[PDB]
Amino acid sequence: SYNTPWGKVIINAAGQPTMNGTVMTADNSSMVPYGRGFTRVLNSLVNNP
Amino acid sequence: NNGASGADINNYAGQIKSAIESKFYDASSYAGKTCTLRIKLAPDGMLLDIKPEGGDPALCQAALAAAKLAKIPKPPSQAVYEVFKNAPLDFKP
């Protein structure tokens, strides 16, 4: 149900976090800086805005 | 209504605190300091988004590093997940 400079995060069904329709896990997902904090993305860590 | 939701929510908050805290290298260097973190968790306790919203910059910093690592327990209730998909938390070592 949200989006970052790298995209939109949606809560699926069966309750998985998805991004680009991808159910991001602890394995294709990392925590990347965002202003004063962090936010989770997947395989697009270098994707300029 | 909010019957018994309040207690679980306070409880769950304190459980997030202790999971973040368990991942500190030197949690006693920050003993009296306070940090406010705004957290977004998935339906199963997985970290989604974390940002600080007040308090000590040094503590806020270490507490974000520890938040990257913590294993946060699964919300035990619809009401609790309703709160912790987005919610601010006072973190105090």
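So here's what we get for this one:
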{"read-out": "Computed label-point distance, nm, for sites A:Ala14 and B:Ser5 using a 7 Å Cα→Cβ extension", "value": "2.8 nm"}
{"read-out": "In nm, spacing of pseudo-spin labels at B:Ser29 and A:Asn47 (7 Å Cα→C-beta vector)", "value": "3.6 nm"}
{"read-out": "Gaussian network model of chain B, springs between alpha carbon atoms under 10 Å - residue of B:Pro75, B:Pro57, B:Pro43 with greatest fluctuation", "value": "B:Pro57"}
{"read-out": "Spherically averaged projected area in nm², based on the convex hull that wraps the Cα atoms of the protein assembly as shown", "value": "9.1 nm²"}
{"read-out": "For chain A, average projected area of the Cα convex hull in nm²", "value": "3.4 nm²"}
{"read-out": "Residue with peak Gaussian network fluctuation, chain B [Cα springs, cutoff 10 Å], from B:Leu69, B:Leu37, B:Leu47", "value": "B:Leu69"}
{"read-out": "Pairwise FRET efficiency - B:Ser18 versus A:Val23, Cβ, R0 = 25 Å, nearest 0.05", "value": "0.30"}
{"read-out": "Chain B: C-alpha pair distances exceeding 16 Å, %", "value": "50 percent"}
{"read-out": "Around B:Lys40: net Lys/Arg minus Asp/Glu count, Cβ-Cβ under 12 Å", "value": "+3"}
{"read-out": "Spin-label model distance (nm) - A:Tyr2 vs B:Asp56, 7 Å beyond Cα toward Cβ", "value": "2.6 nm"}
{"read-out": "Rounded tilt (10° steps) of B:5-21 against the dominant C-alpha axis of chain B", "value": "30 degrees"}
{"read-out": "The protein assembly as shown, dipole about Cα centre (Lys/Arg Cβ +1, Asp/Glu Cβ -1), debye to the nearest 20", "value": "160 debye"}
{"read-out": "Farthest positive-ward along chain B dipole, Cα basis, beta-carbon charges - from B:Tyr30, B:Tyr12, B:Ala70", "value": "B:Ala70"}
{"read-out": "With Cα atoms, 0 to 90° folded angle of helix B:57-67 axis to chain B main axis", "value": "50 degrees"}
{"read-out": "Chain B, helix-only ellipticity at 222 nm - DSSP H runs n ≥ 4, -39,500 (n - 2.57), divided by all residues, nearest 500", "value": "-11500 deg cm²/dmol"}
{"read-out": "Over chain A, relative contact order from alpha-carbon pairs under 8 Å, at least 6 apart, %", "value": "27 percent"}
{"read-out": "Candidates B:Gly45, B:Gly32, B:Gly54, ranked by Gaussian network fluctuation over chain B, Cα under 10 Å, top entry", "value": "B:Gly32"}
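Any read-out appearing in this document is the output of simple, stated calculations on the displayed coordinates, not a laboratory observation. Virtual Cβ from ideal backbone geometry, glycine too; neighbours counted across all protein chains shown.
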